[PDB]
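Colleague: The structure under discussion is supplied below as structure tokens; questions concerning it will follow.
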Amino acid sequence: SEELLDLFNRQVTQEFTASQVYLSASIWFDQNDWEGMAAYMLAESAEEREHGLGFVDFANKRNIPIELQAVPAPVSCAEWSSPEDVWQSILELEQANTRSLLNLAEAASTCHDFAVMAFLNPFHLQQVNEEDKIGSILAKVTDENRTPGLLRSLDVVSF
Amino acid sequence: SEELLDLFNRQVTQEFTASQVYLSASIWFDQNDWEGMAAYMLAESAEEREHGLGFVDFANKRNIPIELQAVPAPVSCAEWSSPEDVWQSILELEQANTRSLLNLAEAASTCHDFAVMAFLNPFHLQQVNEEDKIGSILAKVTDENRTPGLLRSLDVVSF
Amino acid sequence: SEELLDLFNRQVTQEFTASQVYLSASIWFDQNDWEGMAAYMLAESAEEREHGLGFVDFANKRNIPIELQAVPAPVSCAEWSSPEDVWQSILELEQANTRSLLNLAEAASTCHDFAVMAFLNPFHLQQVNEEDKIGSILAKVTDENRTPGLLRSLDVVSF
Amino acid sequence: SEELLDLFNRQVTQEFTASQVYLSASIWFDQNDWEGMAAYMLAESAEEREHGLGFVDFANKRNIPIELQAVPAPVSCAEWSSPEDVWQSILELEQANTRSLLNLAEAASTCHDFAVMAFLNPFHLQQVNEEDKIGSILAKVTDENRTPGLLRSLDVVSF
Amino acid sequence: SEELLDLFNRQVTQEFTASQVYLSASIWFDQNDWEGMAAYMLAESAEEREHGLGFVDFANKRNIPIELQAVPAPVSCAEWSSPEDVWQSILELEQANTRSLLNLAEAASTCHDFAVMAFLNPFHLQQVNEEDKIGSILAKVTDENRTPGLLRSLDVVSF
Ligand SMILES: [Fe+3]
Ligand SMILES: [Fe+3]
Ligand SMILES: [Fe+3]
Ligand SMILES: [Fe+3]
Ligand SMILES: [Fe+3]
Ligand SMILES: [Fe+3]
Ligand SMILES: [Fe+3]
Ligand SMILES: [Fe+3]
Ligand SMILES: [Fe+3]
Ligand SMILES: [Fe+3]
Ligand SMILES: [Fe+3]
Ligand SMILES: [Fe+3]
Ligand SMILES: [Fe+3]
Ligand SMILES: [Fe+3]
Ligand SMILES: [Fe+3]
Ligand SMILES: [Fe+3]
Ligand SMILES: [Fe+3]
Ligand SMILES: [Fe+3]
Ligand SMILES: [Fe+3]
Ligand SMILES: [Fe+3]
Ligand SMILES: [Fe+3]
Ligand SMILES: [Fe+3]
């Protein structure tokens, strides 16, 4: 029961952490002249914040007290050296978003908290979509970067 | 006094110079069947000329006497071999436009010429955007040009 | 600091004084059957008052105490004998508007008051446009008045 | 070859030269408060530059190497004293543009270069119309400047 | 002048011949799955035929007797192995179209046939545009085809 309140607060932190990691990915893309991939990461940064705001709102309604935690500095950017590394980190970030949502559902299920589980259902489906989409972009980015300059042409044309 | 009037006049010449350099870039791109990159240089050539006209207009209003210098012949075209060479020269050109605007601003600041400093503000911000845009284009052109033929795709598809 | 607060209040008084001088010019023109010139002077009166109101509003937001001074009777009217005299006083009123703005900016610069400096930039630019516009009307007025009756045609046709 | 290609280049220089002379006329007119005449010179300035770009564009298509030359400092502004002097230099400039075009056409005829002659036709007709329009303006300006101040109403009303 | 009436007739044959060669080119393109290049050759085939009709129409009005000649079997299809060989034959086709226009204009000039020469003028300018466009396409095709598969995206994306 305390576990439920803890996992809920951690979901908020995880959304906001994802939102900062996305922003760090747009900066890296922008600094390295991948403006289409940057615009994509920027849109994801705003979206992750909207998720965390959606959790905060539900918690206020349900009397789950939210104690906002520190949002840590993203640190992967120190090591990114190609768009491929950035997308790989983004895939790992969404895999962790999926794990924390399942931990939260598990706790809500243990507690028979039907309302929290109903709240979570659209996030579960949305995670399935997002992991698939990022997995597919990573596969494209990886295949295209096998020919010098070719990837640059995707950024420009798509995104 | 003298240094500020001089530099204001020189700014006009620098704008027309850059207009002619963009025209010469447009010619090399056309003669070499890069119509996309040519259309872009041609638009920049008109734009630099409009910058110079804006400086002449302000000088007329502020009674800064303008004397039109000769506009020098562009020199870099005899040595351009690939689009990379052209965008590099264009980057350098814009870096000189920037330094030029800084020197004029510095002379305005010493004279406490608040009107001239205010007039220059939007040009300083525009230079930031311009140097970024050209740096970004140069990085693409340099990356795509590592595969024979791939840069033609950039011109055709996206200019 | 004292200087900047005093100068900022003096700037308000200056704009209202200019508003009354323009009103005085409009009266003289009307009484002397120059209704085109009068209507121009009258739009100028309302505009100077709007400048003084913009300074008042900024001062309220920025906690600069405003103490509204008397607005002195315009005094040039008792000696105006031709439209040339009126336009000449108006040009001098605008040159005096410009210097007070520069002095205020100078005090703002010395105090590192970046907000006040930013607030002043569009007035510096507007004064440039105004002095040029009044200098140019005064040139036309002086030149057309060399033939008896001809200036009367300017008022009717183009104001 | 040789002669034709030379003259074709020189035509582009002539257009840009005229463009700078129009611009210097605009400055003179502005500084001396003839805004109506200055707007017209400024329009011609943009128009002469478009002619030169029409020539560059055709040369690119026809494989006529363009080497862009210095655009000479306009010098007639140092001696202009009144609008008649400016319009008189402008007449002379257009008479030189015309002779310049007739020379080029003469070389094309000699070379049997039918394409170049077809390209030149609308320019010959445009020059006939421009010399006529300028002569007419100069006639009006010379006539009106017989009475002090009267020319000042041409600028204000027309233009 | 038998020479003018013969060359005029030959020009009609030449346009219809070009029409067939273009059709032959679209066939090779289509058979080798270059559908966008194919559509462009087809469009040219129709417009060569229209040029031909335009000559026949003028001739009937000017009383130049037209005797329609055999339109020969296109033969370059036997040699073509890649898109480059096709575009190269198309360039030489247009160079020979230009050349026969120039012979025609020459015979017209000799006869002082002012109406014929006036009739040919837009075709001279059109030929300049065509040779340039084809030059440019062939440069792009040759460049892109330096990487296996790359030319296939030009057909898909740009035709
Ligand atoms: Fe998302
Ligand atoms: Fe999304
Ligand atoms: Fe999320
Ligand atoms: Fe997400
Ligand atoms: Fe997404
Ligand atoms: Fe620009
Ligand atoms: Fe510029
Ligand atoms: Fe620029
Ligand atoms: Fe730009
Ligand atoms: Fe005003
Ligand atoms: Fe105003
Ligand atoms: Fe004011
Ligand atoms: Fe004012
Ligand atoms: Fe005004
Ligand atoms: Fe015109
Ligand atoms: Fe011209
Ligand atoms: Fe002209
Ligand atoms: Fe004109
Ligand atoms: Fe065609
Ligand atoms: Fe044809
Ligand atoms: Fe054709
Ligand atoms: Fe075509």
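Letters A, B, ... mark the chains of the structure tokens in the order given; residue numbers begin at 1 per chain; ligand numbers begin at 1, in order shown.
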Identify, counting only C-alpha atoms and all ligand atoms, the protein, DNA and RNA residues located within 9 Å of ligand 5, and give them as an MDAnalysis selection string.
Modeller: chainID A and resid 40:41 43:44 47 129:131 133:134
Colleague: Which residues come within 8 Å of residue 118 in chain B, counting only C-alpha atoms, excluding same-chain residues fewer than 6 positions away, as a ChimeraX atom specification?
Modeller: /C:121-122,124-125
Colleague: From the set C:48, C:155, C:113, C:33, which residue has the shortest atom-to-atom contact distance to ligand 14, counting only C-alpha atoms and all ligand atoms?
Modeller: C:48
Colleague: Just checking: using only C-alpha atoms and all ligand atoms, which residue out of E:24, E:9, E:88, E:19 ends up closest to ligand 19?
Modeller: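 Comparing E:24, E:9, E:88, E:19 against ligand 19, the winner is E:19.
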Colleague: Restrict the distance test to only C-alpha atoms, flag each residue of chain B within 8 Å of chain E, and return the flagged residues as a list in words.
Modeller: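 So the contacting residues turn out to be residues 33, 147, 148, 149, 150, 152, 153, 156 and 157 of chain B.
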Colleague: Pick out the residues sitting within 6 Å of range 69-80 of chain B, and hand them over as a list in words; count only C-alpha atoms, and ignore anything fewer than 3 positions along from it in its own chain.
Modeller: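 The contact residues come out as residues 17, 21, 85 and 86 of chain B; 68, 69, 70, 71, 72 and 73 of chain D.
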